[PDB]
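Read the structure below first, then the notes.
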Amino acid sequence: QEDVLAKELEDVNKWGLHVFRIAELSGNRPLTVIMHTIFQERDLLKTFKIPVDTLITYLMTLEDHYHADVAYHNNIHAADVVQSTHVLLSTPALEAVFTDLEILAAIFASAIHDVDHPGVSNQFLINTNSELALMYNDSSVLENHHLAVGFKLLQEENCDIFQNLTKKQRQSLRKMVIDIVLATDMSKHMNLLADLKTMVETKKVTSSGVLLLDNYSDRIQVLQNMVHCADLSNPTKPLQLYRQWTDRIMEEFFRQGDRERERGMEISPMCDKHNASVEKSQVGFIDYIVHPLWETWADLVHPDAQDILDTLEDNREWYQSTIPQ
Ligand SMILES: COc1ccc(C2=NN(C3CCN(c4nc(N)nc5ccccc45)CC3)C(=O)[C@@H]3CC=CC[C@H]23)cc1OC
Ligand SMILES: COc1ccc(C2=NN(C3CCN(c4nc(N)nc5ccccc45)CC3)C(=O)[C@@H]3CC=CC[C@H]23)cc1OC
Ligand SMILES: [Mg+2]
Ligand SMILES: [Zn+2]
């Protein structure tokens, strides 16, 4: 192998990279190999003076804090979200829009955004009186935790990849990362999407020209939505990848359902393996969450995302066509 891995990683800039193959070929290190590849490609190690073995140490440590016994929310998902963010950042319509620090922030935020995920929802954590829910006052419990862990890991031996940033740089980056990860909580989705829509309309009536994001609020909003799109990108991928993501999320959700049915709590939506149509849930996920978001994103970067939207629509028809009687 290894030479085969190098060959697969040549697809790093493409939508639809075989991320599950990369995970197999790297000894279950897709996050480390993908992040390293992206960092080298974008010359981020030179730009921010990140020593290479410090980066690798951090990445291996981060990756080890993702759980391999969690079906969906593991290191492969993290890797997928990083790589997807990387491709979105390279979309023609955003060329030269974002600084190197902003790029760094978005890619870092993607890498850490689900770290130490236990495989159960915020509502489940809240309902069981978990220590995490008690620490974070039932508010974006998981996302606050992902951030805390991602930042804390920089303190392990030879893990401080930001050692060479200036203080002002660290401060800015820290704020962006926080804003970005907290925006991955689905309770924020409707407000995020409303703002994005507003921005899109504003653009249509203001300028046929290039994108102008002149204050933090608009800039961060686009970054938030970008990583949120990457987080919600499974149904936009080649169907063979999408179906594996569907298998994984349903295994995680059904396992939460099994833990909820015992203890007599309400089974969360889509978590009842005795009463659930996987295919129907995918169509609903597309119709109510993924397509409205991606259609709006596609509008912002028109026509860069047309093929992603076409894939989404074909993928929706696939699940729609296989819904049981
Ligand atoms: C003697 O002179 C060199 C010897 C080896 C390398 C090596 N470079 N690299 C990277 C290391 C991290 N980078 C930079 N980091 C930081 N903090 N500062 C930089 C300043 C200017 C350019 C790059 C960096 C990006 C490149 C490898 O990955 C090689 C393979 C394995 C180990 C080190 C090698 C570079 C040299 O001079 C630039
Ligand atoms: C591959 O397939 C999926 C991948 C990820 C997720 C994810 N799902 N979600 C939620 C999304 C909205 N949900 C719905 N709830 C309620 N009451 N009603 C609904 C009606 C129609 C559609 C959805 C819902 C609950 C779960 C997360 O919170 C995950 C973590 C972060 C981002 C997305 C993840 C789902 C997938 O397929 C269903
Ligand atoms: Mg999450
Ligand atoms: Zn995620």
Side-chain angles (χ1 to χ4, degrees), residues 6 9 19 30-59 62-63 65-67 70-85 88 100 104 106-125 132 136 139-150 158-166 169 177-189 192 224-237 245-246 248-249 252-253 256 285 289-290 293:
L9 292 169
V19 69
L31 187 55
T32 298
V33 299
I34 288 168
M35 277 286 279
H36 184 225
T37 296
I38 288 165
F39 267 59
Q40 292 274 11
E41 261 237 327
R42 293 189 169 274
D43 212 28
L44 292 162
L45 296 112
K46 179 180 159 150
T47 306
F48 293 104
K49 285 149 145 51
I50 307 167
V52 65
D53 292 337
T54 306
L55 180 65
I56 298 156
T57 300
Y58 179 79
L59 294 172
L62 179 62
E63 187 146 36
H65 286 69
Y66 273 90
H67 307 135
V70 161
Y72 181 95
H73 296 103
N74 54 52
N75 57 321
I76 310 176
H77 171 67
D80 184 39
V81 174
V82 167
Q83 191 265 338
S84 304
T85 296
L88 298 169
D100 292 320
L104 177 60
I107 291 163
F108 185 72
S110 297
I112 68 162
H113 84 284
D114 278 334
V115 71
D116 199 42
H117 204 292
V120 297
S121 66
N122 284 320
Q123 196 63 48
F124 186 90
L125 294 171
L132 266 190
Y136 287 117
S139 309
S140 294
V141 174
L142 285 163
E143 295 78 17
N144 269 299
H145 185 61
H146 308 315
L147 279 160
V149 171
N158 200 29
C159 284
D160 185 6
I161 60 170
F162 304 128
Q163 61 186 78
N164 291 330
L165 302 209
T166 64
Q169 278 176 328
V177 172
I178 292 168
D179 288 342
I180 292 165
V181 180
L182 291 183
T184 66
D185 181 347
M186 284 295 305
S187 76
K188 309 284 206 344
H189 165 80
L192 275 176
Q224 283 171 319
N225 274 300
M226 174 185 311
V227 172
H228 180 58
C229 288
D231 204 15
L232 279 45
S233 65
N234 298 333
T236 78
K237 294 292 165 79
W245 292 121
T246 297
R248 286 169 174 273
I249 196 71
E252 194 168 308
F253 281 2
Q256 177 170 323
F285 183 50
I289 295 161
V290 180
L293 175 57

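All residue numbers refer to positions in the sequence shown, counting from 1. Ligands are counted one by one from 1 in listed order, and the atoms in each one are counted from 1 as well. Keep in mind that the numbers below use all heavy atoms, side chains included, and drop hydrogens, waters and symmetry copies.
- The Mg ion (ligand 3) has an N, O or S atom of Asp114 closer than 2.8 Å.
- Put simply, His113 gets within reach of the Zn ion (ligand 4), with an N, O or S atom under 2.8 Å from it.
- Checking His67 against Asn75 by side-chain atom types alone, no donor-acceptor pair falls below 3.5 Å.
- Of the candidates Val81, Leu31, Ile38, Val81 is the only one forming a side chain to side chain contact (heavy atoms under 4.5 Å, CB included) with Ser110.
- Scanning all heavy atoms of the two residues, the minimum distance from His146 to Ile112 falls at CB-O, 3.7 Å.
- The backbone N or O of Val70 sits nowhere less than 3.5 Å from a side-chain atom of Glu252 that would complete a donor-acceptor pair.
- Listed by chain and number, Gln40, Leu45, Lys46, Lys49, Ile50, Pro51, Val52 each place a non-hydrogen atom less than 4.0 angstrom from ligand 1.
- Ring-centre distance between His113 and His77: below the 6.0 Å cut-off.
- Taking the six-membered ring where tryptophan is involved, the planes of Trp245 and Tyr72 are perpendicular, since the angle between them exceeds 60° and thus also 30°.
- Looking at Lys46 and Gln40, their side chains never come closer than 4.5 Å, going by heavy atoms from C-beta outward.
- Restricting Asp114 to its N, O or S atoms, the one at the least distance from the Zn ion (ligand 4) is OD2.
- Looking only at distances, a side-chain donor or acceptor of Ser121 sits under 3.5 Å from a matching main-chain atom of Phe124.
- The angle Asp231:OD1 - the Zn ion (ligand 4) - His77:NE2 amounts to 90°, with values rounded to 10 degrees.
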